[PDB]
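Content type PDB, C-alpha atoms, from the file protein_36.pdb:
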```
ATOM      1  CA  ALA U   1      -2.092  17.701  -7.082  1.00  0.00           C
ATOM      2  CA  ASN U   2      -4.784  14.963  -7.655  1.00  0.00           C
ATOM      3  CA  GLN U   3      -2.228  12.101  -7.665  1.00  0.00           C
ATOM      4  CA  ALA U   4      -3.975   9.261  -5.828  1.00  0.00           C
ATOM      5  CA  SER U   5      -1.957   6.861  -3.597  1.00  0.00           C
ATOM      6  CA  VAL U   6      -2.568   3.432  -2.192  1.00  0.00           C
ATOM      7  CA  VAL U   7      -4.098   3.668   1.291  1.00  0.00           C
ATOM      8  CA  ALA U   8      -4.595   0.765   3.735  1.00  0.00           C
ATOM      9  CA  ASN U   9      -8.270  -0.117   3.677  1.00  0.00           C
ATOM     10  CA  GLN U  10      -7.732  -2.400   6.706  1.00  0.00           C
ATOM     11  CA  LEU U  11      -4.813  -2.790   9.148  1.00  0.00           C
ATOM     12  CA  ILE U  12      -2.348  -4.855   7.078  1.00  0.00           C
ATOM     13  CA  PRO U  13      -0.383  -7.222   9.419  1.00  0.00           C
ATOM     14  CA  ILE U  14       3.386  -7.588   9.119  1.00  0.00           C
ATOM     15  CA  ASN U  15       4.633 -10.185   6.611  1.00  0.00           C
ATOM     16  CA  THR U  16       1.204 -10.755   5.142  1.00  0.00           C
ATOM     17  CA  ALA U  17       0.550 -10.821   1.419  1.00  0.00           C
ATOM     18  CA  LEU U  18      -1.452  -7.931   0.021  1.00  0.00           C
ATOM     19  CA  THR U  19      -4.922  -8.657  -1.337  1.00  0.00           C
ATOM     20  CA  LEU U  20      -7.312  -6.339  -3.178  1.00  0.00           C
ATOM     21  CA  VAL U  21      -9.583  -5.821  -0.136  1.00  0.00           C
ATOM     22  CA  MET U  22      -6.643  -4.269   1.749  1.00  0.00           C
ATOM     23  CA  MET U  23      -6.018  -1.421  -0.704  1.00  0.00           C
ATOM     24  CA  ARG U  24      -8.080   1.608  -1.588  1.00  0.00           C
ATOM     25  CA  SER U  25      -7.104   4.709  -3.569  1.00  0.00           C
ATOM     26  CA  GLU U  26      -7.164   8.235  -2.083  1.00  0.00           C
ATOM     27  CA  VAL U  27      -5.616  11.685  -2.741  1.00  0.00           C
ATOM     28  CA  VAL U  28      -3.377  12.092   0.273  1.00  0.00           C
ATOM     29  CA  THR U  29      -0.288  14.147   1.219  1.00  0.00           C
ATOM     30  CA  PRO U  30       2.545  13.063   1.179  1.00  0.00           C
ATOM     31  CA  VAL U  31       2.150  11.016  -1.966  1.00  0.00           C
ATOM     32  CA  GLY U  32       2.833   7.259  -1.599  1.00  0.00           C
ATOM     33  CA  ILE U  33       2.758   4.363  -4.071  1.00  0.00           C
ATOM     34  CA  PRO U  34       0.540   5.408  -7.077  1.00  0.00           C
ATOM     35  CA  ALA U  35      -2.960   3.912  -7.063  1.00  0.00           C
ATOM     36  CA  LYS U  36      -2.280   2.437 -10.532  1.00  0.00           C
ATOM     37  CA  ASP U  37       0.140   0.029  -8.867  1.00  0.00           C
ATOM     38  CA  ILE U  38      -2.545  -1.723  -6.822  1.00  0.00           C
ATOM     39  CA  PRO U  39      -2.677  -4.778  -9.256  1.00  0.00           C
ATOM     40  CA  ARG U  40       1.040  -5.302  -9.096  1.00  0.00           C
ATOM     41  CA  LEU U  41       1.059  -5.025  -5.294  1.00  0.00           C
ATOM     42  CA  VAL U  42      -1.277  -8.071  -4.972  1.00  0.00           C
ATOM     43  CA  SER U  43       0.511 -10.905  -3.153  1.00  0.00           C
ATOM     44  CA  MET U  44       3.554  -8.736  -2.235  1.00  0.00           C
ATOM     45  CA  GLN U  45       4.328  -8.488   1.526  1.00  0.00           C
ATOM     46  CA  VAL U  46       4.677  -5.511   3.779  1.00  0.00           C
ATOM     47  CA  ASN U  47       7.651  -5.388   6.077  1.00  0.00           C
ATOM     48  CA  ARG U  48       5.816  -3.627   8.922  1.00  0.00           C
ATOM     49  CA  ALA U  49       2.208  -3.584  10.122  1.00  0.00           C
ATOM     50  CA  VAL U  50       0.335  -0.858   8.228  1.00  0.00           C
ATOM     51  CA  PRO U  51      -2.528   0.722  10.277  1.00  0.00           C
ATOM     52  CA  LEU U  52      -5.884   1.499   8.707  1.00  0.00           C
ATOM     53  CA  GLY U  53      -5.771   4.738   6.661  1.00  0.00           C
ATOM     54  CA  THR U  54      -1.956   4.729   6.280  1.00  0.00           C
ATOM     55  CA  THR U  55      -0.502   5.585   2.893  1.00  0.00           C
ATOM     56  CA  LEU U  56       1.584   2.701   1.574  1.00  0.00           C
ATOM     57  CA  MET U  57       5.072   4.003   0.856  1.00  0.00           C
ATOM     58  CA  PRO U  58       7.669   2.175  -1.435  1.00  0.00           C
ATOM     59  CA  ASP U  59       9.832   1.267   1.526  1.00  0.00           C
ATOM     60  CA  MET U  60       7.028  -0.630   3.260  1.00  0.00           C
ATOM     61  CA  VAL U  61       6.577  -3.291   0.545  1.00  0.00           C
ATOM     62  CA  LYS U  62       9.107  -6.071   0.217  1.00  0.00           C
ATOM     63  CA  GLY U  63      10.293  -6.394  -3.373  1.00  0.00           C
ATOM     64  CA  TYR U  64       8.672  -3.117  -4.558  1.00  0.00           C
ATOM     65  CA  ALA U  65      10.572  -1.099  -7.111  1.00  0.00           C
ATOM     66  CA  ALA U  66       8.635   1.341  -9.324  1.00  0.00           C
TER      67      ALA U  66
END
```
Now, as a test, write the supplied structure out as structure tokens.
Amino acid sequence: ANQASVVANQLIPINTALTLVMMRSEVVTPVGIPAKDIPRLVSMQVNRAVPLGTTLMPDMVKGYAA
């Protein structure tokens, strides 16, 4: 309950490095990458285009391991 996840604040294009303006925090279901990880996600790349409002999941970020 109340676990916030990283949500795409903009459509994030494939193979583009994550910046702070692309990531917001929201309580969504299912749970994705924890919102506390937003700083460590900066400059990592997604391996697929992530539409606006999509929860970022571990498998979408290249190099992400919690």
Hits of the PyMOL selection byres ((chain U and resi 39-44) around 6) in this structure, as a ChimeraX atom specification: /U:17-19,37-38,45
Hits from the PyMOL selection byres ((chain U and resi 57) around 12), listed as a ChimeraX atom specification: /U:5-8,28-35,37,41,46-48,50,54-56,58-62,64-66
Å distance separating CA of residue 15 (chain U) from CA of residue 53 (chain U), one decimal place: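 The value is 18.2 Å.
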Could you work out an axis-aligned bounding box for all listed atoms of region 41-47 of chain U, with 4 Å added on each of the six sides, and give its centre and edge lengths in Å to one decimal, as lines of an AutoDock Vina configuration file?
```
center_x = 3.2
center_y = -8.0
center_z = 0.4
size_x = 16.9
size_y = 13.9
size_z = 19.4
```
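Straight-line separation from CA of residue 26 (chain U) to CA of residue 51 (chain U): 15.2 Å.
A straight line drawn from CA of residue 1 (chain U) to CA of residue 21 (chain U) is 25.6 Å long.
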Reference answer for the PyMOL selection byres ((chain U and resi 10) around 7), as a PyMOL selection string: chain U and resi 8-9+11-12+22+52
